[PDB]
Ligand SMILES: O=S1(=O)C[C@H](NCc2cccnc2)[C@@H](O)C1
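So this first bit is one chain, no partners, the form solved without this ligand, shown in structure tokens.
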């Protein structure tokens, strides 16, 4: 529908719980060496560093692909194939001025438009309040990507190994809600995965989008958010849309306000929907 958003994975209605998801992490799922030579990446990084000497590189999971298993299987309902990448490779590929080139050559060379791209896996949440609102945040205008736009709560996953990875992805969305929205973990339910959306403005970089229920009402959430003060969050404001009004959102004037990744969350939410899960504190492991 929206050109800024393509869907990579759409989970079955109601979303998928952590317990039904497996990850496989392998060098096989890493970015392919650039044609020819990764020194294009170094050149971009060093250019970025003279402008911003403090730039910090960080490890990221790379999303290679995802496969839904046949319904009602002995195995996991979903398999995520992940590699490793970094902020530096992301700047040098997905946000390279040559990204469109790289996607076309990837498709020809490897039958994969994303082959030469870092494609770090982001995360975001459709965070629903007890009185049935979704939670939205106003991005600070100081950030590099989508400054000043509306977002949903995000997160920062940081690299039996498969289960630890799946756990880190799920924990990362709860952690970010706790940290950025200033909500007690007691009030959050186990997240459900809705699907994976691509951001076409960042050369198809994908984000896993979750559903998370909060036991607080929208007014309580707002009070918790604000009680931290300006320094307690990166965003500058919080607001709420009735869940019943989220379906029609792409025709309202708020749609132009949303960043690409928040749109992917909303689209998956509308298509897939959440389902009941218990308090996050109630699940083990």
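Residue numbers count along the first chain shown, from 1.
Unshown form deposited with this ligand bound; subsequent notes refer to it.
- Only one of 170, 90, 211, 133 comes within 4.5 Å of this ligand in the entry with it bound through a heavy atom, and that residue is 90.
- Using a 4.5 angstroms threshold between heavy atoms, residue 205 counts as touching this ligand in the entry with it bound.
- None of the heavy atoms of residue 195 is located within 4.5 Å of this ligand in the entry with it bound.
- Using a 4.5 angstroms threshold between heavy atoms, residue 160 stays clear of this ligand in the entry with it bound.
- Of the heavy atoms in residue 145, some are within 4.5 Å of this ligand in the entry with it bound.
- Heavy atoms within 4.5 Å of this ligand in the entry with it bound are found in one stretch of 187-195, 91-99, 107-115, 211-219, which is 91-99.
- Contacts between 46-66 and this ligand, taken as any heavy atom within 4.5 Å in the entry with it bound, involve only 60.
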